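This report refers to the structure that appears directly beneath it.
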Amino acid sequence: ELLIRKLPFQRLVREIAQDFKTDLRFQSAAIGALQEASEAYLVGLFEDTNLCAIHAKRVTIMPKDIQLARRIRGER
Amino acid sequence: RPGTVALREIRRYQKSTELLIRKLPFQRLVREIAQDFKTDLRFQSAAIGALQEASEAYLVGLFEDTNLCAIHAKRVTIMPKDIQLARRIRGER
Amino acid sequence: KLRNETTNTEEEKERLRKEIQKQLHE
Amino acid sequence: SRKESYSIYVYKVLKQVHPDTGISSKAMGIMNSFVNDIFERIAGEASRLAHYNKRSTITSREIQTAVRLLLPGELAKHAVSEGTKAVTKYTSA
Amino acid sequence: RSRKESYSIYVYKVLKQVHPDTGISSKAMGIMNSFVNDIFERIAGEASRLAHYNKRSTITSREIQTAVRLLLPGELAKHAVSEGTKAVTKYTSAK
Amino acid sequence: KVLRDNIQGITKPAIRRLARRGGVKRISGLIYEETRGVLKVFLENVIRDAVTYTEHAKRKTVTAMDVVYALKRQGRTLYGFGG
Amino acid sequence: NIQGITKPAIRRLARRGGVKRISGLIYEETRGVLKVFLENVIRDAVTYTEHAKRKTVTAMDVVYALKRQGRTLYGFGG
Amino acid sequence: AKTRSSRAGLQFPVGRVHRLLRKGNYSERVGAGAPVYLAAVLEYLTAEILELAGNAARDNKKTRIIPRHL
Amino acid sequence: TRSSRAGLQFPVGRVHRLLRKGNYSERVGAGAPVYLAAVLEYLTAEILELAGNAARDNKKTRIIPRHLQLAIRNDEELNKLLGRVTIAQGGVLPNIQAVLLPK
Amino acid sequence: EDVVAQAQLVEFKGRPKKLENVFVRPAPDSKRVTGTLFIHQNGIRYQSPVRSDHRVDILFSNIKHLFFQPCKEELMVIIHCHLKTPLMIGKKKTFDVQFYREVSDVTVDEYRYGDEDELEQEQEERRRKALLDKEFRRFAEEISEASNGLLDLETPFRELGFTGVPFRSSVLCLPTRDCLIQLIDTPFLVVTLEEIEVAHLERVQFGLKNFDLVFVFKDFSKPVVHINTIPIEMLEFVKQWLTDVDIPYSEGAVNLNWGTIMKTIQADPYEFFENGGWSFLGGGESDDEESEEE
């Protein structure tokens with residue numbers, strides 16, 4: 001089951017969409033797919049961050065581990 | 001001191017573009033590998049050249065990621081665990 | 001051999017794997 | 001509107017494989033997406049091969065070598081065997 | 001003999017249009033030809049996918065423009081769309 | 001009505017739950033903001049494409065297939081919502 | 001023929017990659033990684049060649065095999 | 001055996017795959033055994049997946065396959 | 001020619017023929033090849049501009065693959081565009097990490 | 001408090017069998033020094049040449065498991081003793097005492113250089129590895145013989161090995177006849193298969209690349225052992241291997257709080273088995289058709 005609350009996520013998506021074209025409508029399944037993709041992406045990113053943090057002989061994940069993960073993935 | 005010639009070599013090799021593997025060993029390796037899929041195969045010299053360029057570019061990118069991992073762990077020596085971690089994070093292993 | 005009869009054979013060995021696991025829990 | 005999906009075929013295959021098992025609607029949506037995706041991959045790669053070789057027809061050889069490229073070892077072997085068997089028996093019949 | 005086509009003369013003309021006192025090696029001309037072919041293939045594949053999504057039999061300038069927008073980054077896409085629109089209007093105004 | 005600063009709707013316990021599903025045992029306090037920024041940059045990249053598709057179909061509603069194509073373009077193929 | 005990738009060559013590749021210090025197992029690790037990469041690429045190339053009904057591996061097969069992996073290469077006729 | 005699926009001993013639709021290959025803008029011409037081969041491969045792969053999905057649903061004492069088991 | 005009518009140097013007929021023979025669509029409109037040729041010409045002009053700058057920076061009057069690699073990897077938008085391509089004889093950018101520098 | 005006073009090692013009255021140039025882990029002193037390992041009547045003695053006071057005596061009665069790990073893809077050959085009762089070596093209490101010798105040798109004489117010299121060095125390294133493996137294997141067999149059948153010599157099955165994280169590094173875990181081991185890196189892993197009550201596979205869910213493996217012991221006072229970040233490609237192999245060893249397993253999408261669970265089980269072990277015991281680990285026992293499709 002999805003971990004981010006559905007209505008705050010809807011509001012976030014609408015707020016972000018408000019820049020590219022004013023007053024857009026969204027299907028419900030569109031928001032559901034966006035939430036599934038976002039949570040899958042974040043879980044993979046937390047997996048890589050955990051791997052880096054363990055590599056550093058730690059157990060706490062820190063922002064530099066995220067930065068290293070996004071660098072190695074090739075993310076900008 | 002140890003590491004001065006290392007930096008001289010780093011500067012020298014990030015400047016040049018010439019292939020760092022000898023041609024005949026790479027050709028022999030390619031033929032050895034290819035012989036396990038089909039006997040009596042021929043290779044254009046440009047195919048071997050392209051393979052060598054791609055392999056060196058791949059290995060240099062991998063060594064850059066490995067160096068990043070090693071520096072992340074607060075070290076200077078790259079280790080096999082660094083390579084394995086980089087290849088896992090890329091999504092290769 | 002064709003694959004469907006091997007996956008049936010492999011999965012019947014996997015039913016024995018599950019049966020062993022059930023015997024181990026009991 | 002008559003929308004097309006592979007749902008009945010997945011039911012047929014499931015009953016062939018697991019007579020006493022059922023599929024949810026969402027799992028059928030996933031299976032339909034998977035089938036469409038694989039069809040798109042294979043047809044695109046077959047077209048790419050046909051254009052690479054200056055051909056204007058997709059024959060079973062292009063599909064076979066596409067399967068060889070896409071699938072891993074055992075999967076490729078079994079799927080090639082299955083496809084050749086089916087094509088042979090369709091030709092014979 | 002084998003009369004195979006390339007973009008070398010056009011790349012050379014463009015170079016002399018931007019940089020008059022600068023030449024180009026043959027290996028770089030090969031790389032530029034490969035680059036042009038690659039970008040063509042990307043744009044045409046995106047245009048085809050868009051046409052098939054929208055159930056159309058035709059690749060027009062709208063598909064090309066939106067594929068450019070999808071593919072290139074912001075400023076680059078903006079300048080490219082500007083250039084394309086300029087050229088299309090100049091070609092259409094005359095005949 | 002305009003939406004203003006709704007990024008804080010990704011609460012701290014939500015990020016903690018996402019980390020626990022990711023296997024993270026101890027989490028630094030700067031992570032939550034880091035993650036929030038990352039997520040923003042992700043969604044802005046996906047939505048800009050979905051909207052590009054929606055606008056090209058001369059439509060005014062963002063459909064699920066637009067999102068599916070936007071994800072597919074990034075190698076983010078999603079099964080379950082069509083395809 | 002995998003011994004032909006000598007230790008100095010791996011050192012040179014690491015120096016162009018900016019590596020300052022190198023362990024002793026890095027050489028075997030790199031040989032394994034290179035072998036895996038080359039195995040995949042040559043397998044794809046030979047698939048292309050067999051499909052084209054040839055006995056010689058051309059540069060086009062290598063270029064298409066790299067495009068298949070996502071390692072697009074410029075300057076070889078692509 | 002009227003349907004082309006029957007003549008090939010398949011469950012997937014040969015005719016629909018043929019129509020999609022033709023009305024899909026892939027190549028000027030299409031063979032006669034390419035749809036058959038592709039349908040065979042697709043059916044084999046779906047059977048391959050459904051076997052393991054059934055195994056996983058049976059390991060969880062469930063009769064219905066859900067996205068979790070896939 | 002159709003290149004002259006649009007004030008272009010790239011070919012319109014060749015691009016139309018490649019679009020026609022590439023199995024892209026049943027029919028191809030007449031405004032697509034002009035637009036696409038203009039885009040390709042703009043992108044090659046940008047590439048050649050930066051590569052000529054890079055070659056003059058090295059005091060050379062002829063562009064080699066090294067200057068193409070430097071121009072690509074030095075421009076943020078191009079380097080994001082050509083993020084997966086490797087250039088034969090392009091080399092790498094000079095980059096030494098902060099912690100490896102001597103003391 | 002947990003250091004059982006051991007009997008005194010009885011020296012062999014003749015010429016003892018010996019293995020020279022060996023390192024010991026844990027080291028009795030901060031300085032790494034090569035020593036000699038001696039076989040005696042009721043145990044083995046490690047003795048440093050630099051100081052007589054850095055002797056390590058290990059009785060055969062106190063060895064639980066004796067492993068030999070050859071130098072094939074590793075740079076070191078090993079003789080590992082896992083102990084029943086922990087020993088004080090220097091300042092450290094340890095259940096594990098490892099004897100090892102690194103073959104890692106620098107060979108290039110940095111006259112000519114060319115492909116013949118490198119191939120000769122690689123051949124000389126292979127000959128040195130094979131000689132050291134033969135020497136250490138023979139000496140480990142001589143330890144097993146000297147024990148009068150109290151100690152079996154175990155060798156790891158490399159082909160059945162899988163990668164995982166029991167501590168802080170990714171390591172190759174190797175099955176043996178009776179144990180799951182990792183001996184290359186410190187801290188060492190030695191899991192006796194007979195002491196396992198149940199195995200739990202955590203984070204087995206669609207879309208994850210890696211799962212975790214948890215071993216619960218028959219002695220509930222012993223802490224559970226985690227092997228984290230196992231590749232999902234090895235899941236079906238690990239399930240098969242656990243079945244072939246008669247270890248029950250369960251799978252779950254979530255990581256459990258074993259530190260709370262084991263305290264509840266320790267508080268009343270009888271009530272735990274009365275209810276159903278380990279059955280609660282099998283996700284949810286709904287025992288009903290989902291019938292999600294309408």
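By convention here, the chains of the structure tokens are called A, B, ... in the order presented, each chain's residues are numbered starting at 1, and ligands are numbered starting at 1 in the order presented.
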
#### Entry: Who sits within 9 Å of range 51-58 of chain F, only C-alpha atoms, same chain under 4 positions skipped, as a ChimeraX atom specification
/A:17,20-21,24 /E:50,53-54,62-63,66,69-70 /F:46-47,62-63,66-67,69-70

### All helix (DSSP H, G or I) residues (DSSP, backbone) inside chain F, as a ChimeraX atom specification
/F:7-9,12-21,31-56,64-73

Each residue of chain B lying at most 9 Å from chain A should get a row with its shortest atom-to-atom pair and the distance in Å to one decimal, counting only C-alpha atoms; could you produce that, ordered by chain and increasing number, as JSON lines?
```
{"residue": "B:65", "atom": "CA", "partner": "A:72", "partner_atom": "CA", "distance": 6.4}
{"residue": "B:68", "atom": "CA", "partner": "A:68", "partner_atom": "CA", "distance": 7.8}
{"residue": "B:69", "atom": "CA", "partner": "A:68", "partner_atom": "CA", "distance": 7.8}
{"residue": "B:72", "atom": "CA", "partner": "A:56", "partner_atom": "CA", "distance": 7.3}
{"residue": "B:73", "atom": "CA", "partner": "A:56", "partner_atom": "CA", "distance": 5.0}
{"residue": "B:74", "atom": "CA", "partner": "A:56", "partner_atom": "CA", "distance": 8.0}
{"residue": "B:81", "atom": "CA", "partner": "A:55", "partner_atom": "CA", "distance": 8.6}
{"residue": "B:82", "atom": "CA", "partner": "A:55", "partner_atom": "CA", "distance": 8.3}
{"residue": "B:85", "atom": "CA", "partner": "A:51", "partner_atom": "CA", "distance": 7.7}
{"residue": "B:86", "atom": "CA", "partner": "A:72", "partner_atom": "CA", "distance": 7.4}
{"residue": "B:88", "atom": "CA", "partner": "A:48", "partner_atom": "CA", "distance": 8.6}
{"residue": "B:89", "atom": "CA", "partner": "A:48", "partner_atom": "CA", "distance": 6.1}
{"residue": "B:90", "atom": "CA", "partner": "A:73", "partner_atom": "CA", "distance": 5.6}
{"residue": "B:91", "atom": "CA", "partner": "A:73", "partner_atom": "CA", "distance": 8.4}
```

Residues of chain H that have any atom at most 8 Å from an atom of chain D: could you tabulate them with the shortest-distance atom pair and the distance in Å to one decimal, using only C-alpha atoms, ordered by chain and increasing number, as JSON lines?
```
{"residue": "H:7", "atom": "CA", "partner": "D:90", "partner_atom": "CA", "distance": 5.3}
{"residue": "H:8", "atom": "CA", "partner": "D:90", "partner_atom": "CA", "distance": 4.1}
{"residue": "H:9", "atom": "CA", "partner": "D:86", "partner_atom": "CA", "distance": 7.1}
{"residue": "H:10", "atom": "CA", "partner": "D:86", "partner_atom": "CA", "distance": 7.8}
{"residue": "H:11", "atom": "CA", "partner": "D:9", "partner_atom": "CA", "distance": 6.4}
{"residue": "H:12", "atom": "CA", "partner": "D:9", "partner_atom": "CA", "distance": 6.0}
{"residue": "H:21", "atom": "CA", "partner": "D:43", "partner_atom": "CA", "distance": 7.6}
{"residue": "H:26", "atom": "CA", "partner": "D:47", "partner_atom": "CA", "distance": 5.5}
{"residue": "H:27", "atom": "CA", "partner": "D:56", "partner_atom": "CA", "distance": 5.5}
{"residue": "H:28", "atom": "CA", "partner": "D:56", "partner_atom": "CA", "distance": 5.0}
{"residue": "H:29", "atom": "CA", "partner": "D:57", "partner_atom": "CA", "distance": 4.2}
{"residue": "H:30", "atom": "CA", "partner": "D:58", "partner_atom": "CA", "distance": 4.8}
{"residue": "H:31", "atom": "CA", "partner": "D:59", "partner_atom": "CA", "distance": 4.7}
{"residue": "H:32", "atom": "CA", "partner": "D:59", "partner_atom": "CA", "distance": 7.4}
{"residue": "H:33", "atom": "CA", "partner": "D:60", "partner_atom": "CA", "distance": 5.6}
{"residue": "H:34", "atom": "CA", "partner": "D:60", "partner_atom": "CA", "distance": 4.3}
{"residue": "H:36", "atom": "CA", "partner": "D:87", "partner_atom": "CA", "distance": 6.0}
{"residue": "H:37", "atom": "CA", "partner": "D:83", "partner_atom": "CA", "distance": 4.7}
{"residue": "H:38", "atom": "CA", "partner": "D:63", "partner_atom": "CA", "distance": 7.0}
{"residue": "H:40", "atom": "CA", "partner": "D:83", "partner_atom": "CA", "distance": 5.2}
{"residue": "H:41", "atom": "CA", "partner": "D:79", "partner_atom": "CA", "distance": 5.6}
{"residue": "H:42", "atom": "CA", "partner": "D:35", "partner_atom": "CA", "distance": 7.1}
{"residue": "H:43", "atom": "CA", "partner": "D:13", "partner_atom": "CA", "distance": 7.5}
{"residue": "H:44", "atom": "CA", "partner": "D:79", "partner_atom": "CA", "distance": 6.7}
{"residue": "H:45", "atom": "CA", "partner": "D:79", "partner_atom": "CA", "distance": 7.7}
{"residue": "H:46", "atom": "CA", "partner": "D:10", "partner_atom": "CA", "distance": 7.5}
{"residue": "H:47", "atom": "CA", "partner": "D:13", "partner_atom": "CA", "distance": 6.2}
{"residue": "H:50", "atom": "CA", "partner": "D:14", "partner_atom": "CA", "distance": 6.5}
{"residue": "H:51", "atom": "CA", "partner": "D:17", "partner_atom": "CA", "distance": 6.5}
{"residue": "H:54", "atom": "CA", "partner": "D:18", "partner_atom": "CA", "distance": 6.8}
{"residue": "H:63", "atom": "CA", "partner": "D:21", "partner_atom": "CA", "distance": 5.2}
{"residue": "H:64", "atom": "CA", "partner": "D:22", "partner_atom": "CA", "distance": 4.4}
{"residue": "H:65", "atom": "CA", "partner": "D:23", "partner_atom": "CA", "distance": 4.5}
{"residue": "H:66", "atom": "CA", "partner": "D:27", "partner_atom": "CA", "distance": 5.4}
{"residue": "H:67", "atom": "CA", "partner": "D:27", "partner_atom": "CA", "distance": 5.2}
{"residue": "H:70", "atom": "CA", "partner": "D:27", "partner_atom": "CA", "distance": 7.4}
```

### Query
For chain I, which residue out of E:93, E:82, E:33, E:25 is the nearest one, using only C-alpha atoms?
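Counting only C-alpha atoms, the residue closest to chain I is E:25.
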